[PDB]
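One structure is given here, and the rest of the page talks about it.
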Amino acid sequence: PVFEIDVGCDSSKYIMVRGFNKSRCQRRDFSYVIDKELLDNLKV
Amino acid sequence: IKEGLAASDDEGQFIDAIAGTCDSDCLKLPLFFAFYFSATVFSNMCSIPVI
């Protein structure tokens, strides 16, 4: 028997928040403005 | 239409523009109506003594 052990991350394991999915919920493109509450006028 | 579509609101679909003129500051209307009440009162007050 010859085998191999690798130590590290597989880049295929992550954390996800319960009750949330990527594309289950269908919607459209959004835009908004936020100001006066950051650490002057942001449009994202 | 322009790029637009900031927040909106819909349930069965999306990208829906509401009809009618939108207002954010139309709140001087009660003051204007109260002053028109006073003006109408004092305009009706003038005709009876004339007759």
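Chain labels A, B, ... are given in the sequence in which chains occur in the structure tokens; within each chain residues are numbered consecutively from 1, and ligands are likewise numbered from 1 in the order shown.
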Legend entry - For residue 31 of chain A: contacts at 8 Å, only C-alpha atoms, fewer than 3 positions along chain excluded, given as a PyMOL selection string: (chain A and resi 43-44) or (chain B and resi 4-7)
Give me a file of those residues, with N, CA and C atoms, as a PDB file, in the first residue's frame.
```pdb
ATOM      1  N   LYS A  43     -23.092  56.296  -4.130  1.00  0.00           N
ATOM      2  CA  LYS A  43     -24.064  55.710  -5.047  1.00  0.00           C
ATOM      3  C   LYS A  43     -23.534  54.347  -5.470  1.00  0.00           C
ATOM      4  N   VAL A  44     -24.192  53.287  -5.010  1.00  0.00           N
ATOM      5  CA  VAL A  44     -23.772  51.916  -5.268  1.00  0.00           C
ATOM      6  C   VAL A  44     -24.974  51.149  -5.798  1.00  0.00           C
TER       7      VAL A  44
ATOM      8  N   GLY B   4     -32.497  54.630 -13.680  1.00  0.00           N
ATOM      9  CA  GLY B   4     -33.506  54.645 -12.630  1.00  0.00           C
ATOM     10  C   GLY B   4     -33.637  53.417 -11.750  1.00  0.00           C
ATOM     11  N   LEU B   5     -34.877  53.100 -11.371  1.00  0.00           N
ATOM     12  CA  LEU B   5     -35.239  51.876 -10.650  1.00  0.00           C
ATOM     13  C   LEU B   5     -34.438  51.731  -9.355  1.00  0.00           C
ATOM     14  N   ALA B   6     -34.624  52.701  -8.462  1.00  0.00           N
ATOM     15  CA  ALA B   6     -33.833  52.730  -7.239  1.00  0.00           C
ATOM     16  C   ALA B   6     -34.310  51.690  -6.232  1.00  0.00           C
ATOM     17  N   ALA B   7     -35.522  51.856  -5.705  1.00  0.00           N
ATOM     18  CA  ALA B   7     -36.054  50.932  -4.709  1.00  0.00           C
ATOM     19  C   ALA B   7     -37.300  50.205  -5.195  1.00  0.00           C
TER      20      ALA B   7
END
```
Listing only residues of chain B within 12 Å of chain A, what is the closest atom pair and its distance in Å (to one decimal) for each, using only C-alpha atoms, sorted by chain and residue number ascending, as CSV?
```
residue,atom,partner,partner_atom,distance
B:3,CA,A:31,CA,9.2
B:4,CA,A:31,CA,7.7
B:5,CA,A:30,CA,6.5
B:6,CA,A:31,CA,4.6
B:7,CA,A:30,CA,6.6
B:8,CA,A:30,CA,9.1
B:9,CA,A:27,CA,10.9
B:10,CA,A:27,CA,9.9
B:11,CA,A:27,CA,9.9
B:12,CA,A:27,CA,10.2
B:13,CA,A:27,CA,8.2
B:14,CA,A:28,CA,6.8
B:15,CA,A:28,CA,7.4
B:16,CA,A:28,CA,11.0
```
Could you please take those selected residues and save N, CA and C atoms as a compact mmCIF listing (two decimals), in the first residue's frame?
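That gives us out.txt:
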```txt
# COMPACT_ATOMS: atom_id res chain seq x y z
N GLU B 3 -31.79 54.98 -16.47
CA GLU B 3 -31.31 53.85 -15.67
C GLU B 3 -32.23 53.59 -14.48
N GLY B 4 -32.50 54.63 -13.68
CA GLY B 4 -33.51 54.64 -12.63
C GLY B 4 -33.64 53.42 -11.75
N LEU B 5 -34.88 53.10 -11.37
CA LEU B 5 -35.24 51.88 -10.65
C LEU B 5 -34.44 51.73 -9.36
N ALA B 6 -34.62 52.70 -8.46
CA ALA B 6 -33.83 52.73 -7.24
C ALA B 6 -34.31 51.69 -6.23
N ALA B 7 -35.52 51.86 -5.70
CA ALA B 7 -36.05 50.93 -4.71
C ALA B 7 -37.30 50.20 -5.19
N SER B 8 -38.36 50.94 -5.56
CA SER B 8 -39.63 50.40 -6.04
C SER B 8 -40.27 49.41 -5.07
N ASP B 9 -41.36 48.76 -5.50
CA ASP B 9 -42.02 47.74 -4.69
C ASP B 9 -42.99 46.92 -5.54
N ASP B 10 -42.81 45.60 -5.54
CA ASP B 10 -43.70 44.70 -6.26
C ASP B 10 -43.54 43.30 -5.69
N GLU B 11 -44.55 42.46 -5.96
CA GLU B 11 -44.59 41.11 -5.41
C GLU B 11 -44.50 40.03 -6.49
N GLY B 12 -45.40 40.05 -7.47
CA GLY B 12 -45.41 39.01 -8.49
C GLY B 12 -44.45 39.24 -9.63
N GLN B 13 -43.99 40.47 -9.81
CA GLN B 13 -43.05 40.83 -10.87
C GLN B 13 -42.15 41.93 -10.32
N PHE B 14 -41.45 42.63 -11.21
CA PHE B 14 -40.61 43.75 -10.80
C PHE B 14 -40.45 44.69 -11.99
N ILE B 15 -39.74 45.80 -11.76
CA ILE B 15 -39.65 46.94 -12.68
C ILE B 15 -41.07 47.39 -13.02
N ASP B 16 -41.73 48.03 -12.05
CA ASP B 16 -43.09 48.54 -12.22
C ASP B 16 -43.11 50.00 -11.78
```
Inset, instruction - Please identify which residues in chain A DSSP calls strand (DSSP E or B) from the backbone, and express them as a VMD selection string. - result: chain A and resid 33 to 35 41 to 43
